[PDB]
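Examination of the molecular architecture
The primary structure of each chain is shown beneath.
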Amino acid sequence: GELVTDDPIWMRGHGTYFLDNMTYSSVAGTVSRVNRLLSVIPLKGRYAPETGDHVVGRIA
Amino acid sequence: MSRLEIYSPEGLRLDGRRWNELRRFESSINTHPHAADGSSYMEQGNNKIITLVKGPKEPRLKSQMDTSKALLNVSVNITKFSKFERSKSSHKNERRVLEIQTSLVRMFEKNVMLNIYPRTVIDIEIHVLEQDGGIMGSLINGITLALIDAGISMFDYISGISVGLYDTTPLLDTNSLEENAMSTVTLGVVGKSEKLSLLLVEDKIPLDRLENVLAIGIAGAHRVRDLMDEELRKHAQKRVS
Amino acid sequence: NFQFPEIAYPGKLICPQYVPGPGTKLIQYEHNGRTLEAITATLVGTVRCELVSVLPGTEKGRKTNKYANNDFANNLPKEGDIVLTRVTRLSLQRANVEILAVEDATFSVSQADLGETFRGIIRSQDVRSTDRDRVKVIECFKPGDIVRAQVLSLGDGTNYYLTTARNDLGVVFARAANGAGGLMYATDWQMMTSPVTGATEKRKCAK
Amino acid sequence: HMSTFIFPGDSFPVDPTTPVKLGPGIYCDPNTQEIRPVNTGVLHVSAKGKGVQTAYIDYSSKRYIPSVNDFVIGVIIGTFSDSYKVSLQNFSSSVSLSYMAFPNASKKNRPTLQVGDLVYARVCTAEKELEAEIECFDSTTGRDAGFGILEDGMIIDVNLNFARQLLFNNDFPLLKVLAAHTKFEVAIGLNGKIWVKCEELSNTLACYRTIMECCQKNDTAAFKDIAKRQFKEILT
Amino acid sequence: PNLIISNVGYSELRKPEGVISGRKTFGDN
Amino acid sequence: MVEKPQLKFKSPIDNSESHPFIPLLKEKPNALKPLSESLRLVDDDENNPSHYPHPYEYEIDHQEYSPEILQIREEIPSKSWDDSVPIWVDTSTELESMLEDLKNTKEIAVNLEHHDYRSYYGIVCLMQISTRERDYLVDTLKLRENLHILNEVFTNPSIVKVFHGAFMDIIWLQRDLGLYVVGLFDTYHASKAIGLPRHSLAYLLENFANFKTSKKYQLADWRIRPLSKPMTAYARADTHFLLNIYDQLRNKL
Amino acid sequence: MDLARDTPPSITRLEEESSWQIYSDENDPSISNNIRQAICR
RNA sequence: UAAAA
């Protein structure tokens, strides 16, 4: 619910919603600024499946 | 207790507070890292509420599943020992409880970004260990802090505040003794704004007085937001370092 | 090979290791010595030797068929068995049915209507013997007709796979206008007619 | 040429000797093999020698039954792998609109239809024991004009009698009294759906309000005064 | 026993004989 | 009948598969990592045989994007279709007049053509570059040895490259021309993320550009010279409105 | 498998022939008692 | 996961 930046020259990432040319955070965590990708890293985060990950799972 | 003074000419209420003072607010985050992904032990006054957020996960059955958003379930369970006199009724399937459970789902399904989590379900489990007036508002603040612990994307905070009107004097954060002697209004303010996601009036209030009650109600709700926000700052800073 | 008593009860020992079968199980007993593999009967009936098996019921109970609902529930339709079904749902490419009997002739009445009964599906590719790719199931079956179809592969996730690509397989009993008419009889290979009403309806006859 | 009001179970004023071609409202008993009415309405007959005679019953109804060679409006509610799932009317059963039932259909390209789209199709299969089927091109003649997506506009819910009297009866003074007020395009569906569309929304709404008022009013000669007042109300 | 043709729908009973336009666009006027 | 362009090349095509694919790159403009270490074979870890890595692999995962795509600016309409003629690029002098024209811009639309019936791996036959003012048509059959100069623009982060379903165009640019794209904006993945019913280019031209197209020249033999009048207009249409579509899709994203 | 790999022009590739030996629920018959106590550790 | 030629 808080304002992280008012610079439109950014790429909204995960845990972030664009609104009225201003950027806000949707979760609670730290701000990450990699290249122009602006995202918020939440505290308690689950597993994010990415392409090329060696995982273990049981059939549901 | 007995026949008490609700609001004396000295501005003091039956519990010592004043017209614009709140009960002590002691929230707790991540109290059940072994039972749910989201946890919040809400202790607003004598009230002691345990809120769990299990999800977002796959539904137990593929029958009910929205392929464009998430399903938000709220389970409010008022324990028999919630008050002094142990409840003899069932409470679980009570019609008054189903209204509260539904009012909570509608309140947050518009605030929680269910679109970000499609084909999923978010179960919210609530257990009230003790109540003492203003129980609806404390249910609000518990769900807010429990979803944040679960890492669920929300647009803003949702604050729960209860306001009573005694003659011509509003009273913030009404306890049980104050609700049994005046009208009660529970509000659901979104963040530092004046947008109301909840407005419950269950007793007669003059129209010429409702506007001022709402203004003093949303003002105290912002104060409730900061106490929750400052709790997350202290919890996040001590967790990282 | 028959020194044992005629009848057998659940728990009565039969013979050592002989092979098990329907109504027996290898249970190791202990009598102040080493555990011996004893074949124990677990049904009420007579013991038969071929292969050791204990068949339930008495010889009078088998001829009188006193275990009617007990015989079908214990003998599931295996692969290649020919059964008698009833049409329940008609789809564009399949026809849901309901297994009512099964033979080894002799049959066995199913479960008495309510659900939890064995059902199957007759795919359009296995309706006829010629031109298996383009068929019209609406011209082959109607809801409420008794169809004699042979089972195929057992992909029994919910239904069974049946076929009628033969002469003795198809609609064996039906009625005009889905039960609203008279009892029809199979004349040609794909033409069924009721004598009294005189009306004709196209089916997948079996004669 | 005879038209009389009948009732279900009444005698059928037609000789069995004459060849007959019955339709809706008349049922043939599979046992007694007699012909009896099953609907309450006007019994229409027509004896012609060229030498076939037909008979049907015009009854009042609102629940649409899928019948072949009907022009229907449907809403797309599901996208399967080899067909669509369209809803001709609420609560009623679904119908099948295959991807190959379109002008210039091919396995390579799928139709550009998505859910919630209003389609205009022709009922090509209306079997009682099967699911009904529709198509956006007449598979018997090759016609395809008018069939397809009805982009924007507004749909209207009317009874089945108002739909047939608007599509077939060219003397129905509705499209004539509406065109005298504003230019529009209409899509008549036999399932009780009337899709209209104008240039401005103020004219489309005025067409929605006239058809609704003319649907419940049985006086046909009052259609002129309905649109006269309705199109005058939107001017404020 | 009678001379029975299968119950036909509402459209085949009319006289235009399938030369009907269900979607008529009224241009101008 | 048209003869095979493979016979008129500087050198025959290596169909032996006696060694892994060697990138046809000699100049690496706009590079964060030097081209020197990019020409070493990666040791065959697990069971992936030794192969030369993607020359611009590091240049894609780490390079920033131009501030032109993060903004929500007003869309600029495509130039008039009838009052504009293509620019056929057939010589090295005509190629230079286009490259320096492509260095002074920020958004370009690119598309390719391919033929694989009378060639094993296949050969590129026509590149379709178009900017906000002009539409180009580059003959990749004669300029095959000269088209590697375009890496100065295709790898410029300040310039946005707009393709459509470039899952094969990236392979053709590197196998026959030694070209690589840094700063790709695939409109296919944009239509797939918006939620449109179809993801073809013909769909975006009839809904976001109102260009009633006749998609019948895809499977055509693009080796005939010169190109017919309908195909020259068919080739320029794939990228003429692609820049206006990029603006409409970017703001929605 | 994990022991033999984790520690240490007319070819158009061929398809591997793999049976159900890796899908069988039958575990190894004789597991060392000294090894099972290591897994618990 | 119906995009490319």
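Residues numbered from 1 in each chain as written, not as in the entry; some residues may be left out. Chains lettered and ligands numbered in written order. Part of a larger assembly, values for the part shown. Heavy atoms only, no water. Residues with missing side-chain atoms left out of burial classes, pairs and counts.

1. Notes on the packing of aromatic side chains
In total, this model carries 21 aromatic pairs over all chains according to the counting rule given. Consider the rings of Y217 of chain F and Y234 of chain F, whose centres lie 5.6 Å apart with planes at 85°: the pair is edge-to-face. Taken together, the residues span a long stretch of sequence, with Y217 of chain F in the loop between α6 (201-207) and α7 (229-240) and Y234 of chain F in helix α7 at a distance of 17 residues. According to the relative accessible area criterion, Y234 of chain F is buried, its value standing at 8%. Pairwise contacts between aromatic rings join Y17 and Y24 of chain A together with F155 of chain B into one cluster. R33 of chain A extends its terminal NZ or CZ atom over the ring of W10 of chain A, reaching a point 5.9 Å from the ring centre. The ring of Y10 of chain E has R164 of chain D lying over it, and the distance from NZ or CZ to the ring centre is 4.0 Å. (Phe/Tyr/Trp six-rings, centres within 6.5 Å; stacked < 30°, edge-to-face > 60°. Helix = DSSP H or I, 4+ residues; strand = E, 2+ residues; numbered from the N terminus. Buried < 20%, exposed > 50% of the residue type's maximum accessible area, 1.4 Å probe, protein only. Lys NZ or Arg CZ within 6 Å of the ring centre and 35° of its normal.)

2. Description of a negative patch on the surface
All names here are of chain F. On the surface, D43, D44, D45 and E46 cluster together to form a negatively charged patch. Of note, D43 is situated in the segment before α1 (57-61). Accessibility expressed as a relative area gives 58% for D43, which makes it exposed. (Patch = residues over 30% accessible without salt bridge, like charges linked within 9 Å, V, L, I, M, F, W, Y side chains within 5 Å. Areas by Shrake-Rupley, 256 points an atom, 1.4 Å probe, with all protein chains shown as cover. Salt bridge = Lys/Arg side-chain N within 4 Å of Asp/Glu carboxyl O. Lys, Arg positive; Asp, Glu negative; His and termini not counted. Charge placed at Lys NZ, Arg CZ, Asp CG, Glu CD.)

3. Some remarks on the nonpolar core
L97, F162, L174, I194 and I211 of chain D are the most contacted members of the largest nonpolar core, which totals 58 residues. For this core, the two domains that each supply at least three residues are domain 2 (62-152) and domain 3 (153-236) of chain D. Counting residues in each nonpolar core, the second largest holds 54 residues, with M42, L72, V189 and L198 of chain B among its members. (Core = buried A, V, L, I, M, F, W, Y, C linked by side-chain atoms within 4.5 Å. Domains from an automatic or database assignment.)

4. Side note on unusual backbone geometry
Across the junction of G55 of chain B and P56 of chain B, the peptide omega takes the value 0°, indicating a cis bond. In this fold, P56 of chain B is placed in strand β3 (residues 48-57). With a phi angle near 60°, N65 of chain C is a residue other than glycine that sits in the positive phi range. A positive phi angle, close to 60°, is found at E17 of chain E, a residue other than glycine. In this structure, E17 of chain E sits in the segment before β1 (23-26). Residue classification places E17 of chain E among the exposed residues on the basis of a relative accessible area of 59%.

5. Comments concerning the sheet that holds strand β1 (residues 25-29) of chain B
Residues and elements named next belong to chain B. Judged by pairing direction, the sheet is mixed, and its 5 strands sit side by side in the order β1-β2-β3-β5-β4 without closing on themselves. Edge positions in the open sheet fall to β1 and β4 (70-78), since each of these has one partner strand only. Pairwise comparison of adjacent strand axes, ignoring direction, gives a mean angle of 15° for this sheet. With 5 bridges joining them, strand β2 (residues 38-44) and β3 adopt antiparallel strand pairing. (Pairing = 2+ DSSP bridges. Axes fitted to C-alpha atoms, helices over the stretch in contact; angles between N-to-C directions.)

6. Details of the protein's contact with RNA strand H
In the vicinity of RNA strand H, 19 residues are found, and the nearest of them are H114, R198, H199, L201 and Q218 of chain F. When the atoms of RNA strand H within 4 Å of the protein are grouped by moiety, sugar and phosphate amount to 58% of the total. Between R110 of chain D and RNA strand H, the recorded distance is 3.3 Å, taken from a side-chain N or O atom to a base nitrogen. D169 of chain F is positioned with one of its side-chain polar atoms (N or O) 3.4 Å from a sugar or linking oxygen of RNA strand H. Those elements that place two or more of their residues in the surface near RNA strand H are β2 (107-115), α4 (169-175) and α5 (187-194) of chain F. Top element by residues in the surface near RNA strand H is β2 of chain F. It accounts for 4 residues. In terms of residue class, the surface near RNA strand H is built from 5 nonpolar, 7 polar and 7 charged. (Near = heavy atom within 4 Å. Polar contact = N/O pair within 3.5 Å; in protein donor to acceptor, adjacent residues only side chain to side chain. Nonpolar A, V, L, I, M, F, W, Y, C, P; charged D, E, K, R; others polar.)

7. What about the interface of chain E and chain D?
Taken together, the contact pairs 25 residues of chain E with 43 residues of chain D. Regarding the contact of chain E and chain D, the summed buried area is about 2,900 Å², with carbon and sulfur atoms giving 56% of it. Viewed at the interface, chain D and chain E are joined by 1 salt bridge. A salt bridge links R23 of chain E to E185 of chain D, with the nearest nitrogen and oxygen atoms 3.3 Å apart. (Contact = heavy atoms within 4.5 Å. Buried area = accessible area lost by both parts, 1.4 Å probe.)

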